[PDB]
Amino acid sequence: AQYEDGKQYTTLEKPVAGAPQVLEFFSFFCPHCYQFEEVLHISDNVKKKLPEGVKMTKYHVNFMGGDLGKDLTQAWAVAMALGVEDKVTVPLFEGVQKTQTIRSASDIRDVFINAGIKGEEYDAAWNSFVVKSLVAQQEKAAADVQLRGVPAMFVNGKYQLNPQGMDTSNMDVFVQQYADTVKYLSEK
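Here we summarise the structure given alongside this text. (Residues numbered from 1 in each chain as written, not as in the entry; some residues may be left out. Heavy atoms only, no water.)

1. Quick notes on the overall build of the protein chain
Then, in step 1: Broken down by element type, the protein chain carries 8 helices and 5 strands.
Then, in step 2: The order of α-helices and β-strands along the protein chain, N terminus first, is β-β-α-α-β-α-α-α-α-α-β-β-α.
Then, in step 3: Over its C-alpha atoms the protein chain spans a radius of gyration of 17 Å, differing by no more than 12% from the 16 Å that the globule rule assigns to 188 residues.
Then, in step 4: Taken over the C-alpha atoms alone, the protein chain extends approximately 55 × 35 × 30 Å along its principal axes. (Helix = DSSP H or I, 4+ residues; strand = E, 2+ residues; numbered from the N terminus. Rg over C-alpha atoms; globule rule 2.2 N^0.38 Å.)

Encoded structure:
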């Protein structure tokens, strides 16, 4: 077939029931994740080819970057709670991987302040139980699928994208293959 298990995707031998339709995991410490956001814009190109009524979820993981890794997962929960993902994603990536200006929870916080989230609003969210459950959700979702590497995308809790098995001579062609694969898996 043109789309083969083991080639553009793999199948979870333990499917996850009730999983989000399209579920992406990343880390601000993850070098390919940086590429996926800044250069390839994977999330955006997938969403452009996804059907109607299919929701997109993106979660941070703890297993890279020790204590700061966990701070970032909590910060990502704040971003989701306040709906400011699109305002903080790039500066967080660049602060961790490019400029090396993110070394502490306070430095993460600076990114939100500079993006225009008010200090009181960030701190309140940071300490909120709404954010605590959002952190729990991120951890559970990763735990549900044995996650030990990022970037990772899962479709309907059944299929895991396998970018290794796609052409990468051309960045644009790679992205369309990835996106077209998500859409194929989505219509499975």
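2. Brief notes about the sheet that holds strand β5 (residues 159–161)
Then, in step 1: Pairing in this open sheet of 5 strands is mixed, and the strands run β1-β5-β4-β2-β3 from one edge to the other. At either margin of the open sheet sits one strand with a lone partner, and together these are β1 (9–11) and β3 (56–60). On average, each strand axis in the sheet is tilted by 25° relative to the strand beside it, whichever way the strands run.
Then, in step 2: Sheet analysis places β1 next to β5, joined by 3 bridges and oriented antiparallel. Its bridge partner being in β5, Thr-11 is matched across the sheet by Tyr-159. (Pairing = 2+ DSSP bridges. Axes fitted to C-alpha atoms, helices over the stretch in contact; angles between N-to-C directions.)

3. Quick word on the environment of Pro-20
Then, in step 1: Of note, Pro-20 is situated in the loop between β1 and β2 (22–26).
Then, in step 2: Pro-20 gets classed as partly exposed once you look at its relative accessible area, which sits at 25%.
Then, in step 3: Along the primary structure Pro-20 and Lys-58 are separated by 38 residues, whereas in three dimensions their C-alpha atoms are 9.8 Å apart.
Then, in step 4: Filtering out sequence-adjacent residues up to four positions away, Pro-20 remains in contact with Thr-57, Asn-156 and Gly-157. (Buried < 20%, exposed > 50% of the residue type's maximum accessible area, 1.4 Å probe, protein only. Contact = heavy atoms within 4.5 Å.)

4. Thoughts on the side chain of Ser-128
Then, in step 1: Checked against the element boundaries, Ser-128 lands in the loop between α6 (119–126) and α7 (129–144).
Then, in step 2: Its relative accessible area of 18% is what places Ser-128 among the buried residues.
Then, in step 3: Among the polar contacts made by the side chain of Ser-128, one reaches the main-chain carbonyl oxygen of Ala-125 at a distance of 2.6 Å. (Polar contact = N/O pair within 3.5 Å; in protein donor to acceptor, adjacent residues only side chain to side chain.)

5. Topic: the environment of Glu-4
Then, in step 1: Mapped onto the fold, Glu-4 is located in the segment before β1.
Then, in step 2: Since its relative accessible area comes to 37%, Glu-4 is described here as partly exposed.

6. Details of the nonpolar core
Then, in step 1: In this structure, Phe-25, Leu-92, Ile-108, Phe-112 and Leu-147 are the most contacted members of the largest nonpolar core, which totals 42 residues.
Then, in step 2: Put simply, the parts of the chain that give this core at least two residues each are β2, α1 (31–38), α3 (66–82), α4 (85–97), α5 (105–114), α6, α7 and β4 (152–155).
Then, in step 3: Broken down by element, the residue count for this core peaks at 8 residues, all from α3.
Then, in step 4: The next biggest cluster of nonpolar side chains, apart from the first, holds 19 residues, and it includes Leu-50, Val-155, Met-166 and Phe-174. (Core = buried A, V, L, I, M, F, W, Y, C linked by side-chain atoms within 4.5 Å.)

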